[PDB]
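K.L.:
Take this structure, written in structure tokens, and hold onto it; I'll ask about it next.
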Amino acid sequence: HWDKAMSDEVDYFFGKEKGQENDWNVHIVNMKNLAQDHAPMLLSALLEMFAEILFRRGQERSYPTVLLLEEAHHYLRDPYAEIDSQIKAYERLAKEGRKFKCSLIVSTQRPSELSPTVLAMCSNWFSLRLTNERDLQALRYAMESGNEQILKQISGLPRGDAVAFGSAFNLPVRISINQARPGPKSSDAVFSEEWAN
Amino acid sequence: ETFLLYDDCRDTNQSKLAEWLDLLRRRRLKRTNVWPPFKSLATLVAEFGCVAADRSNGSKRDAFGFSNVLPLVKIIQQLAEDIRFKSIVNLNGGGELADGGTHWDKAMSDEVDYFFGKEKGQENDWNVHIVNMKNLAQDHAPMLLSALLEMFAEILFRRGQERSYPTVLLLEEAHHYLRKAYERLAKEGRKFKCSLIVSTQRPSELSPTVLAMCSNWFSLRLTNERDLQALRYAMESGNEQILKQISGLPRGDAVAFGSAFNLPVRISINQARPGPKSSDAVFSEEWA
Amino acid sequence: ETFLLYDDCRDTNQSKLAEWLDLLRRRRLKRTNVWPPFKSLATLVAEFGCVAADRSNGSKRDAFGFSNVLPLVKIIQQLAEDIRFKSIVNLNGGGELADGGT
Amino acid sequence: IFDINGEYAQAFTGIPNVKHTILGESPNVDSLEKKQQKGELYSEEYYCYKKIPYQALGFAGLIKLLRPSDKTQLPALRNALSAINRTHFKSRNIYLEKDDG
């Protein structure tokens, strides 16, 4: 009875095996009404469940999947893990993804609060403007395919420009990104609109 | 006469307890002839940790003593029921357990004999052994691989200089499990006829002592300054006019220096036929 | 009478330990004529670090103060168990001893 | 996509086979959600609601959740969890039961 519970909970969120019937191709999960004391535990539990089911499925019964994580530094590291022997969430998911077709995308504004093992598994880096120095220093420590002449100009990048290097690029480039149409909305209110009433 | 041991703190039969444990300490009871299961290491620990003295000249099971030994049984039980740890290591037991006090050594020797080979004089049925480890998880690699290397070192010492055979070990991704008394094989390896090849992409995560026992160096492209500094610090033969080239080497192009080369050389390595099976994962095939 | 010493923190004849320890510290008892083995430093360190005082005019083997001395006994035991270190340094004892502290 | 600020729904207007799910409870009881048929282009105002059952955390998950750190909490908790399939409930109280009534 313990197996089927999570066995179907994982299938509701992440999809079904190869050869079955899946209604959707894109799945959006919204978490707007959720406190910040509860997000780390629930999200860590979900990711561990996914890792275990992905191991159990095997190679023949797996489908290529892409997983997008927003503001990962809030829940990827465990606050109750001051000892090194309590972090067993991201490493298993990364290895099982590298093995069984599950790639990850990590977005964050504070890379210095992210574990150094997390940031050394990536093969390509996209970096917009960074201002604080200890954030530059955490990136100078884990990259493999760059040079010192491309990390100089990050601090002065205007809005909408990035710097890309990795295994998908023959030499590092400075790039002007196109505009999404239609884009996402805004998650903030304006005081002057309310006070105008 | 028999007697039951319980993991929990049951008050049952807490009168005649200390006598049995004191007899067990003095090696007076009878012994077994079979390997017990691995989970039997929590009951004994709990019993030795929770026994206390009685005011009525008897015995008691204190709850103040169980607290001092609870994390150990917790971690033992949490390890004994993990799916990915029970698929590589055997925990059931059920073998032979002979007398003489030398029952650990036989089991230790058998596994080394199976894995690394036999000794000089006897017969071994293979000349190339490939050990595949694609099922083992990243969380358990250091412990098990370090344990196997330390196991090899001890039998190497006991075999002596006279019963050893020259062997070559090719170690891949060596910076995960090769990190006082945890480096005997590398340091004390030249004496027992054992040579190692270490392959890694992060030389700066090895101990500077291990990296200094290498006689010949082959170096491909290397970009981070943290690795260049380690290579510069630990080297003993070469120049600094040839370190300036490593930052810009093409693919399949190396720089070699050491004992086997009169003067340092830049080489274009040949292509192996047939090569390793490695192929890049493809996503666009199944999405079409 | 004698008194057997243990390297553990059990409960056996632990209410009179303090008197024996103070008596030994004051040099008011027998002396031996042989060399004890090397491992014997473990039990002694455990006992000096593990003694306390009970509420009802007695002594206690308080484990709170034992953890303040645990690493030393662990290092002492671990050094005498390796087969490399015990093929050079002979630690069996069994020699003669001379009075006067020399 | 794990969306936290709820902003990515507007970006996928016009693509078929999209699903949008909201965690929690409906603010109004009389709130009924509208579904979409296979193959249609996605439009907004098509959502759903969902809650996570406690059964989908597992033995280890609940043990990590409760965090016993005392003398005799772990064995009692393990015994309670191991015997959760032999308990019956009628709306006010928990009772055991044999096969004979």
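We label chains A, B, ... in the order they appear in the structure tokens, count residues from 1 in each chain, and number ligands from 1 in the order shown.
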Could the residues of chain A that have an atom at most 10 Å from chain B be listed as CSV, each with its closest atom pair and the distance in Å to one decimal, counting only C-alpha atoms and ordered by chain and ascending residue number?
P.N.:
residue,atom,partner,partner_atom,distance
A:52,CA,B:83,CA,9.4
A:55,CA,B:84,CA,9.4
A:63,CA,B:286,CA,8.4
A:64,CA,B:283,CA,6.5
A:65,CA,B:283,CA,9.1
A:85,CA,B:139,CA,9.9
A:87,CA,B:139,CA,9.8
A:88,CA,B:139,CA,7.6
A:91,CA,B:138,CA,7.5
A:92,CA,B:138,CA,7.2
A:95,CA,B:138,CA,7.7
A:96,CA,B:137,CA,9.2
A:98,CA,B:281,CA,8.7
A:99,CA,B:281,CA,8.6
A:100,CA,B:281,CA,9.2
A:101,CA,B:281,CA,7.7
A:140,CA,B:224,CA,8.6
A:141,CA,B:226,CA,8.1
A:142,CA,B:224,CA,8.6
A:143,CA,B:224,CA,7.4
A:144,CA,B:224,CA,6.0
A:145,CA,B:223,CA,6.5
A:146,CA,B:223,CA,7.2
A:147,CA,B:223,CA,7.3
A:148,CA,B:224,CA,9.4
K.L.:
What lies within 8 Å of residue 173 in chain A using only C-alpha atoms, ignoring chain neighbours under 2 positions off, as a PyMOL selection string?
P.N.:
chain A and resi 163-165+171+175
K.L.:
Please report as a PyMOL selection string which residues of chain D come no farther than 8 Å from chain A, using only C-alpha atoms.
P.N.:
chain D and resi 1-13+17-24+38+55-58+61
K.L.:
Could you state the separation of CA of residue 46 in chain B and CA of residue 75 in chain B in Å, given to one decimal place?
P.N.:
12.7 Å
K.L.:
Could you give me the residues within chain C that DSSP places in alpha helix (DSSP H), as a VMD selection string?
P.N.:
chain C and resid 17 to 25 41 to 50 63 to 66 70 to 79
K.L.:
Write down, as a PDB file with C-alpha atoms, in the first residue's frame, each residue of chain B that has any atom within 12 Å of an atom of chain C, counting only C-alpha atoms.
P.N.:
ATOM      1  CA  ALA B  18      22.886  -8.528  33.730  1.00  0.00           C
ATOM      2  CA  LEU B  21      25.458 -10.068  29.550  1.00  0.00           C
ATOM      3  CA  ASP B  22      28.249 -10.600  32.088  1.00  0.00           C
ATOM      4  CA  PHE B  48      24.585  -3.080  25.970  1.00  0.00           C
ATOM      5  CA  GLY B  49      23.558   0.583  26.066  1.00  0.00           C
ATOM      6  CA  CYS B  50      20.352   0.392  28.120  1.00  0.00           C
ATOM      7  CA  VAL B  51      21.250  -2.054  30.920  1.00  0.00           C
ATOM      8  CA  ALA B  52      21.367  -0.594  34.440  1.00  0.00           C
ATOM      9  CA  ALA B  53      21.561  -1.663  38.086  1.00  0.00           C
ATOM     10  CA  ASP B  54      18.635  -2.342  40.416  1.00  0.00           C
ATOM     11  CA  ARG B  55      17.972  -1.115  43.948  1.00  0.00           C
ATOM     12  CA  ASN B  57      19.684  -6.414  43.959  1.00  0.00           C
ATOM     13  CA  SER B  59      18.411  -5.692  37.088  1.00  0.00           C
ATOM     14  CA  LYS B  60      16.614  -2.895  35.251  1.00  0.00           C
ATOM     15  CA  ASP B  62      17.073   2.297  32.142  1.00  0.00           C
ATOM     16  CA  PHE B  64      18.411   7.200  30.581  1.00  0.00           C
ATOM     17  CA  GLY B  65      20.909   4.781  29.026  1.00  0.00           C
ATOM     18  CA  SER B  67      19.352   7.916  25.009  1.00  0.00           C
ATOM     19  CA  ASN B  68      23.147   7.731  24.910  1.00  0.00           C
ATOM     20  CA  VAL B  69      23.202   5.144  22.105  1.00  0.00           C
ATOM     21  CA  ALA B 153      46.855  -3.061   0.667  1.00  0.00           C
ATOM     22  CA  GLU B 154      46.716  -5.419   3.669  1.00  0.00           C
ATOM     23  CA  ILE B 155      46.852  -8.642   1.654  1.00  0.00           C
ATOM     24  CA  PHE B 157      51.605  -6.555   2.850  1.00  0.00           C
ATOM     25  CA  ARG B 158      50.929 -10.079   4.120  1.00  0.00           C
ATOM     26  CA  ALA B 181      46.258   6.067   7.043  1.00  0.00           C
ATOM     27  CA  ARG B 184      48.932   3.405   2.121  1.00  0.00           C
TER      28      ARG B 184
END
K.L.:
Against chain B, which residues of chain D fall within 9 Å? For each one I want the closest pair of atoms and the distance in Å (one decimal), counting only C-alpha atoms, rows by chain and increasing residue number, as JSON lines.
P.N.:
{"residue": "D:60", "atom": "CA", "partner": "B:78", "partner_atom": "CA", "distance": 8.6}
{"residue": "D:69", "atom": "CA", "partner": "B:67", "partner_atom": "CA", "distance": 8.7}
{"residue": "D:70", "atom": "CA", "partner": "B:67", "partner_atom": "CA", "distance": 6.6}
{"residue": "D:71", "atom": "CA", "partner": "B:67", "partner_atom": "CA", "distance": 4.7}
{"residue": "D:72", "atom": "CA", "partner": "B:63", "partner_atom": "CA", "distance": 7.2}
{"residue": "D:74", "atom": "CA", "partner": "B:74", "partner_atom": "CA", "distance": 8.3}
{"residue": "D:75", "atom": "CA", "partner": "B:8", "partner_atom": "CA", "distance": 6.0}
{"residue": "D:76", "atom": "CA", "partner": "B:8", "partner_atom": "CA", "distance": 8.3}
K.L.:
Would you write out those residues with N, CA, C and O atoms, as a CSV table (one decimal), in the first residue's frame?
P.N.:
chain,number,residue,atom,x,y,z
D,60,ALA,N,9.9,6.9,5.6
D,60,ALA,CA,11.1,7.7,5.8
D,60,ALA,C,10.7,9.2,5.8
D,60,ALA,O,11.3,10.0,6.6
D,69,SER,N,13.7,13.0,19.0
D,69,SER,CA,15.1,13.2,19.6
D,69,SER,C,15.0,13.0,21.1
D,69,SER,O,15.6,13.7,21.9
D,70,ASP,N,14.4,11.9,21.6
D,70,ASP,CA,14.3,11.6,23.0
D,70,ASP,C,14.6,10.1,23.2
D,70,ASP,O,15.1,9.4,22.4
D,71,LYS,N,14.3,9.7,24.5
D,71,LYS,CA,14.7,8.4,24.9
D,71,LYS,C,14.0,7.2,24.2
D,71,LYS,O,14.6,6.4,23.6
D,72,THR,N,12.6,7.2,24.2
D,72,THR,CA,11.9,6.1,23.7
D,72,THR,C,10.7,6.6,22.8
D,72,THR,O,9.6,6.2,22.9
D,74,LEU,N,11.4,6.8,19.1
D,74,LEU,CA,11.6,6.1,17.8
D,74,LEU,C,10.9,4.7,17.8
D,74,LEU,O,10.2,4.5,16.8
D,75,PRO,N,11.2,3.9,18.8
D,75,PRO,CA,10.5,2.5,18.7
D,75,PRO,C,9.0,2.6,18.7
D,75,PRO,O,8.3,1.9,18.0
D,76,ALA,N,8.5,3.5,19.5
D,76,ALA,CA,7.0,3.6,19.6
D,76,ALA,C,6.5,4.1,18.3
D,76,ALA,O,5.5,3.7,17.8
K.L.:
So which bits of range 30-278 of chain B end up strand (DSSP E or B) when you DSSP the backbone, as an NGL selection string?
P.N.:
:B and (51-53 or 59-61 or 167-171 or 194-198 or 216-219 or 253-258 or 265-268)
K.L.:
Suppose you want the space between CA of residue 262 in chain B and CA of residue 243 in chain B; what is it in Å?
P.N.:
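Answer for the CA of residue 262 in chain B to CA of residue 243 in chain B separation: 17.3 Å.
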K.L.:
Fewer than 2 positions away in the same chain doesn't count, so skip those; otherwise give me all residues within 10 Å of range 48-55 of chain C, counting only C-alpha atoms, as JSON, numbers by chain.
P.N.:
{"C": [7, 8, 9, 14, 15, 16, 17, 18, 21, 43, 44, 45, 46, 57, 58, 59, 60, 61, 62, 63, 64, 65, 66, 67, 68, 69, 70]}
K.L.:
Can you spit out the residues from that selection as a compact mmCIF listing (two decimals), in the first residue's frame, using N, CA, C and O atoms?
P.N.:
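As written to disk, selection-v4.txt reads:
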# COMPACT_ATOMS: atom_id res chain seq x y z
N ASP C 7 37.46 -0.05 31.67
CA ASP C 7 37.56 1.06 30.74
C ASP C 7 36.20 1.54 30.25
O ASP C 7 36.15 2.47 29.44
N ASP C 8 35.11 0.93 30.71
CA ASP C 8 33.77 1.31 30.32
C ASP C 8 33.17 2.28 31.34
O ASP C 8 33.86 2.78 32.23
N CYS C 9 31.88 2.55 31.20
CA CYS C 9 31.14 3.41 32.11
C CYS C 9 29.93 2.66 32.68
O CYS C 9 28.82 3.18 32.73
N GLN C 14 30.98 1.24 41.88
CA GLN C 14 31.38 2.59 41.50
C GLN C 14 31.09 3.62 42.58
O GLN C 14 31.24 4.82 42.33
N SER C 15 30.67 3.20 43.77
CA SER C 15 30.38 4.13 44.85
C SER C 15 31.58 4.38 45.76
O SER C 15 31.51 5.26 46.62
N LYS C 16 32.67 3.63 45.59
CA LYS C 16 33.85 3.77 46.43
C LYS C 16 35.07 4.11 45.58
O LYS C 16 36.21 4.04 46.06
N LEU C 17 34.85 4.47 44.32
CA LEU C 17 35.96 4.76 43.42
C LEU C 17 36.75 5.98 43.90
O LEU C 17 37.99 5.99 43.83
N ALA C 18 36.06 7.00 44.40
CA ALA C 18 36.72 8.25 44.77
C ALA C 18 37.75 8.04 45.86
O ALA C 18 38.84 8.63 45.82
N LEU C 21 40.83 6.41 44.39
CA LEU C 21 41.57 7.33 43.54
C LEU C 21 42.35 8.34 44.37
O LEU C 21 43.53 8.60 44.10
N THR C 43 42.53 2.37 30.28
CA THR C 43 41.66 2.21 31.44
C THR C 43 41.90 3.31 32.46
O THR C 43 40.95 3.87 33.03
N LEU C 44 43.17 3.64 32.69
CA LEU C 44 43.50 4.68 33.67
C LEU C 44 42.92 6.03 33.26
O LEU C 44 42.33 6.73 34.09
N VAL C 45 43.09 6.41 31.99
CA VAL C 45 42.57 7.69 31.53
C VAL C 45 41.05 7.71 31.63
O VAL C 45 40.46 8.70 32.08
N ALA C 46 40.41 6.61 31.24
CA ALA C 46 38.96 6.53 31.38
C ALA C 46 38.53 6.74 32.82
O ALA C 46 37.58 7.49 33.10
N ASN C 57 26.14 10.88 49.52
CA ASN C 57 27.44 10.57 50.10
C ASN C 57 28.10 9.39 49.38
O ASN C 57 28.40 8.35 49.97
N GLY C 58 28.31 9.56 48.07
CA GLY C 58 28.89 8.52 47.24
C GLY C 58 29.52 9.10 46.00
O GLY C 58 29.68 10.32 45.86
N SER C 59 29.88 8.21 45.07
CA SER C 59 30.51 8.59 43.82
C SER C 59 29.69 8.08 42.63
O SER C 59 28.97 7.08 42.72
N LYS C 60 29.83 8.78 41.51
CA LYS C 60 29.06 8.50 40.30
C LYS C 60 30.01 8.42 39.11
O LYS C 60 31.02 9.12 39.06
N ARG C 61 29.67 7.54 38.16
CA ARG C 61 30.38 7.44 36.88
C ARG C 61 29.57 8.24 35.86
O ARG C 61 28.84 7.68 35.05
N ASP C 62 29.72 9.56 35.90
CA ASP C 62 28.92 10.46 35.07
C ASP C 62 29.47 10.46 33.65
O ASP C 62 30.64 10.79 33.42
N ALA C 63 28.61 10.10 32.69
CA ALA C 63 29.03 10.04 31.29
C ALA C 63 29.18 11.42 30.67
O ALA C 63 29.73 11.52 29.56
N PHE C 64 28.71 12.47 31.34
CA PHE C 64 28.89 13.82 30.82
C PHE C 64 30.37 14.18 30.74
O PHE C 64 30.82 14.76 29.75
N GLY C 65 31.13 13.84 31.78
CA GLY C 65 32.56 14.09 31.78
C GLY C 65 33.39 13.08 31.02
O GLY C 65 34.57 13.32 30.78
N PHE C 66 32.80 11.94 30.66
CA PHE C 66 33.51 10.95 29.85
C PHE C 66 33.71 11.44 28.42
O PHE C 66 34.77 11.24 27.83
N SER C 67 32.69 12.10 27.85
CA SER C 67 32.80 12.61 26.49
C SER C 67 33.86 13.69 26.38
O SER C 67 34.35 13.98 25.28
N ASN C 68 34.21 14.32 27.50
CA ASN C 68 35.31 15.28 27.50
C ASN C 68 36.68 14.62 27.44
O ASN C 68 37.68 15.33 27.32
N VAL C 69 36.75 13.29 27.53
CA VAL C 69 38.01 12.57 27.48
C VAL C 69 37.99 11.42 26.48
O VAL C 69 38.95 10.64 26.44
N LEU C 70 36.94 11.30 25.67
CA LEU C 70 36.83 10.16 24.76
C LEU C 70 37.93 10.07 23.70
O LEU C 70 38.44 8.96 23.49
K.L.:
Fewer than 2 positions away in the same chain doesn't count, so skip those; otherwise give me all residues within 6 Å of residue 163 in chain B, counting only C-alpha atoms, as a list in words.
P.N.:
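Surrounding residues, per the criterion: residues 119, 120, 159, 160 and 161 of chain B.
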K.L.:
Using the selection just defined, write its residues with N, CA, C and O atoms as a PDB file, in the first residue's frame.
P.N.:
ATOM      1  N   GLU B 119      47.990 -15.116  -6.219  1.00  0.00           N
ATOM      2  CA  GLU B 119      49.398 -14.869  -5.961  1.00  0.00           C
ATOM      3  C   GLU B 119      50.273 -15.686  -6.910  1.00  0.00           C
ATOM      4  O   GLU B 119      49.788 -16.433  -7.763  1.00  0.00           O
ATOM      5  N   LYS B 120      51.585 -15.535  -6.759  1.00  0.00           N
ATOM      6  CA  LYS B 120      52.541 -16.172  -7.655  1.00  0.00           C
ATOM      7  C   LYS B 120      52.580 -17.677  -7.420  1.00  0.00           C
ATOM      8  O   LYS B 120      52.695 -18.135  -6.278  1.00  0.00           O
ATOM      9  N   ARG B 159      51.320 -10.819   1.819  1.00  0.00           N
ATOM     10  CA  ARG B 159      51.868 -11.705   0.795  1.00  0.00           C
ATOM     11  C   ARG B 159      53.385 -11.620   0.727  1.00  0.00           C
ATOM     12  O   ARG B 159      54.033 -12.533   0.204  1.00  0.00           O
ATOM     13  N   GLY B 160      53.965 -10.534   1.225  1.00  0.00           N
ATOM     14  CA  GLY B 160      55.397 -10.340   1.180  1.00  0.00           C
ATOM     15  C   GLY B 160      55.878  -9.908  -0.193  1.00  0.00           C
ATOM     16  O   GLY B 160      55.128  -9.845  -1.169  1.00  0.00           O
ATOM     17  N   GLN B 161      57.172  -9.599  -0.259  1.00  0.00           N
ATOM     18  CA  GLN B 161      57.806  -9.261  -1.525  1.00  0.00           C
ATOM     19  C   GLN B 161      57.984 -10.475  -2.427  1.00  0.00           C
ATOM     20  O   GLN B 161      58.168 -10.309  -3.637  1.00  0.00           O
TER      21      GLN B 161
END
K.L.:
Interatomic distance between CA of residue 82 in chain C and CA of residue 37 in chain C?
P.N.:
15.8 Å
